[PDB]
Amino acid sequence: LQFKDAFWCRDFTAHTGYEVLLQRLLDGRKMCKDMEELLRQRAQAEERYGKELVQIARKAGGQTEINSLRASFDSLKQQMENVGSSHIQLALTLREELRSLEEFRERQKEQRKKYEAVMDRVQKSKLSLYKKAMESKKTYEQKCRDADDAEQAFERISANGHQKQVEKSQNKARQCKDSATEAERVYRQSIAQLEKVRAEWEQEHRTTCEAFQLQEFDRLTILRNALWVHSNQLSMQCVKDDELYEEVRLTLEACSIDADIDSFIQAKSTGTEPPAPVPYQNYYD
């Protein structure tokens, strides 16, 4: 199905098809803004979260610990900062995707406005010339009835009437037929002018429908792609973080409880022999 084949109106004076299509583009524009707002707020959350993780890592303690357990705790603080910075970078990625959608939306608005100007102009002219044609049609039909009455009035009083009275109706019927001829010419001219604009309107409408369908195809394409890219970027963030936390686990594999205890003893041992007992010392021996 195409837009150009499904949004016509049997009513000559109705442009509901164009109104419905234009309303769809406005609804699509709102959808693009909502997708933009979600990216903006998500980016703000990621930056706030990422900065907080970095602050926790930089301010965390562990300075009284030594050896392999210290190296494992230091690894966690280091990888926390790496995750936090990676989320700050993710916020920049989301804001670039947001900027791309923002550019696409205004580009579509610019082109949409041009078609709106053409359609508004030709639709107003079409309804104006239709109004004039129906006014000319009414006048033409009244002038015909006026001419028929004048002719019937002439034939009536021309059977036993005075030449002066007949001459009055003779001229009145002639003037009425002249007015009917002129009203027909104006009516025919009104029909010709309306037909010229109707042909232009039909082509512009069909042209606009093809353009509006291309905009909708492009918008649905870029919005579906944006959701796919967004979901992948979030999934890629989970993979990056998992790899960074794995670095902590790898350090933990090198953490041996016995080695740390042996390391403390070797570094801080004060002596291996208890003090000798205090004996009695004879002052003369």
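We number the residues from 1 along the sequence you see.
- Between the stretches 70 to 78 and 188 to 196, it is 70 to 78 that shows the larger average CA temperature factor.
- In this entry, the higher average B-factor at the C-alpha atoms falls on 240 to 248, of the pair 40 to 48 and 240 to 248.
- The PDB entry gives the largest Cα B-factor of the residues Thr181, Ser169, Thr208, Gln108 to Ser169.
- Residues shown: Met119, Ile157, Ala91, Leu129. Highest C-alpha temperature factor in the entry: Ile157.
- The deposited CA B-factor of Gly28 belongs to the lowest third of values across its chain.
- Ranked against the other modelled residues of its chain, the C-alpha B-factor of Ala133 as given in the entry falls in the lowest third.
- Per the PDB record, residue ranking by Cα B-factor puts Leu101 in the middle third of the chain.
- Among the modelled residues of the chain, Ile261 sits in the middle third by CA temperature factor in this PDB entry.
- The PDB entry assigns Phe3 a C-alpha temperature factor belonging to the middle third of its chain's modelled residues.
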